[PDB]
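Quick setup: one chain, the form deposited in one PDB entry, written in structure tokens, and binding and motion questions come after.
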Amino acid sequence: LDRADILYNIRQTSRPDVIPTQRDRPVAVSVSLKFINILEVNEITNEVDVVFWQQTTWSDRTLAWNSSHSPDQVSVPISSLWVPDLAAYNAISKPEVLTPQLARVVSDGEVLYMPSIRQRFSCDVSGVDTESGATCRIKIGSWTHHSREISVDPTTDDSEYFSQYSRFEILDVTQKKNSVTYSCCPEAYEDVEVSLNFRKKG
């Protein structure tokens, strides 16, 4: 199989509307934010404008091919794939995707999608001009799929990709799993809570 055949097969049999659940178990989605820049911070309004790489991984076995005498991986437009319906609960702007909308698909059906996103958030900016800094929390989960359909887990240096030219610096990033049941609904929804501890440079 060459690249042309694999990408033809995916384009022709891609059900992008269809969550790829196996034997009624949830799709395991891994999510990790790599912070690249903090552009605007407002301690009065408690708003931040951030650029991050949203590292997103999951398995879709319908994509898989035999890798013997074939590529191990191909680049696929996300319009030809199912992608998790992830949303940031405290976003106050739409995600601005800065990068080409391609994912990497491995021959075993693993998908890696990592867009660069600029987005604005409502979060705690208090203490940004102090030594211990501000802690801005961002919650990301499936908008419509509960824990029996999608599970979200943080992935396996917090400032390795962060811009040296930002007015801000990162003290710490922690990424932890939450499972929440709301009054509306009988089912639990999973989320990754990302805590960005940052401060103004002196």
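In this text, the rigid core denotes the largest set of C-alpha atoms whose superposition between the two forms falls within 1.5 Å. A residue's number is simply how far along the shown sequence it sits, counting from 1. Residues that one form lacks are left out of the comparison.
Absent from the display: the form deposited in another entry. The rest refers to it.
- Relative to the superposed rigid core, residue 181 undergoes a CA displacement of at least 2 Å between this form and the one not shown.
- Core-aligned CA deviation for residue 13 between this form and the one not shown: 2 Å or greater.
- Compared with the form shown here, the C-alpha atoms of residue 183 and residue 139 sit at least 3 Å farther apart in that other deposited form.
- Core aligned; runs of 3 or more residues with all CA shifts at 2 Å or more between this form and the one not shown: 11-14, 43-45, 123-126, 181-187, in sequence order.
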